[PDB]
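Coming up is one lone chain in structure tokens, specifically the form solved without uridine-5'-diphosphate.
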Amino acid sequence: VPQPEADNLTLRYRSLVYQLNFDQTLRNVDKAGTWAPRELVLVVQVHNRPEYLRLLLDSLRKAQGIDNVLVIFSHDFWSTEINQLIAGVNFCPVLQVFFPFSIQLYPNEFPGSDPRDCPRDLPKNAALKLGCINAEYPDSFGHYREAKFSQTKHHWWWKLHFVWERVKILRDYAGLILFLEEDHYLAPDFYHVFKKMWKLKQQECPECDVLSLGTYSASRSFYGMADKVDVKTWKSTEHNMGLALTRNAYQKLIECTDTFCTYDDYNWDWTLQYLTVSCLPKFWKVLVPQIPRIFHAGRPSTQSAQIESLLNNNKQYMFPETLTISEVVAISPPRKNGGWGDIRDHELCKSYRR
């Protein structure tokens, strides 16, 4: 009997992440057929909240007409319960990718917590004399790097480039890709509205850059507002939930990698808000329905019952026959939030494009 291996957990997780990102095993699809991603592709950034991921999977199972829509789950943490919940999805194409620069893969070194890093609340005069690595590079508020807060911005930018230029099933994909999170709940007609939203964009809003499936403001009655969409300037605090990008819109973002990776803000949506006023050629105008088709559920069983009660009471207003645009200038980030002053985070973020 062969001598067993030394149980290195971090080496085992890297092996799973590296192999699955290369194989790219596609679920519920017979590749020997003529299936290709079309119109819409869902990309979900997953963390470690299985109670909210299950709510998202329940909304997808109750959704209508998504039997051919590819749903990509981008993971930054390997978890048996997380992989088990997604494995139960058999009603639509499912793909799993793993962020290969997660803190779980690097415990004792960047992008994790290097033992020579400066503490968070250590003053600069003490850090310079101590001699820690990033002593000369704090953020705009004198705070130093924390690995747990920088991973989300790294993952969002890596998964944006990965699904557009590293996923072989999305080669030459000329549709839209919807970006949501694990703590989101999609309406049963979110795909029905998106198909009419994109047709309404190609006919009445040629200047619309991106699409959104709704804001955080929802009315108790969907009467008269369920078939209406608004054309507004993209605000990160109001349109960070369910963002649909195009191939042309993605190329404008990847051309702004240096500006995205150096902006001192660990929030990806606040950084995109700065892109509109700086590196992007113009600010973004978003197409969003007056009634949201996506909800932020963040107890799980309590907020889920309120969403399903809101959608059931207004079941008559969903799935509208026709959408109509109803009757706005740019907006700058009011304040940098810091957390992205370490140049090591800058260089790692810039390398995703290469």
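Between two forms, the rigid core is defined as the largest C-alpha subset superposing within 1.5 Å. Residues that one form lacks are left out of the comparison. Residue numbers run from 1 along the displayed sequence.
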Missing from the model but present in the deposited sequence, between residue 298 and residue 299: 10 or more
Deposited residues lacking coordinates between residue 327 and residue 328 (none, 1 to 3, 4 to 9, 10 or more): 1 to 3
Average Cα temperature factor in the PDB entry - higher stretch of 342 to 350, 5 to 13: 5 to 13
256 to 264 or 215 to 223, whichever carries the higher mean Cα B-factor: 215 to 223
Out of 28, 290, 45, 48, highest CA B-factor residue: 48
Of the residues 286, 311, 40, 57, the one carrying the largest Cα B-factor as recorded: 311
B-factor third for the C-alpha atom of residue 228 within its chain: highest
Lowest, middle or highest third - CA B-factor, residue 133: highest
Lowest, middle or highest third - CA B-factor, residue 83: middle
Third of chain Cα B-factors occupied by residue 95: lowest
Within-chain third of residue 127 by Cα B-factor, per the entry: middle
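The next section is about a form of this same protein that is not shown, the form deposited with uridine-5'-diphosphate bound.
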Pocket accessibility after superposing uridine-5'-diphosphate in the bound PDB entry (3+ atoms within 2.4 Å of backbone/C-beta): open
Site check 45, 155 and 183: each within 4.5 Å of uridine-5'-diphosphate in the bound PDB entry by heavy atom: yes
The single option of 151, 96, 271, 212 touching uridine-5'-diphosphate in the bound PDB entry, heavy atom within 4.5 Å: 151
Among the candidates 296, 27, 285, 62, the residue which, in the bound PDB entry, approaches uridine-5'-diphosphate to within 4.5 Å (heavy atoms): 296
Region of this chain that lies against uridine-5'-diphosphate in the bound PDB entry, out of 285 to 293, 47 to 55, 305 to 313, 62 to 70 [heavy atom, 4.5 Å]: 47 to 55
Contact test in the bound PDB entry: residue 76 vs uridine-5'-diphosphate, heavy atoms, 4.5 Å: yes
Displaced residue check between this form and the one not shown: residue 333, CA, 2 Å or over, core reference: yes
Mobile segments between this form and the one not shown - rigid core superposition, Cα shift of 2 Å or more, 3+ residues: 328 to 334
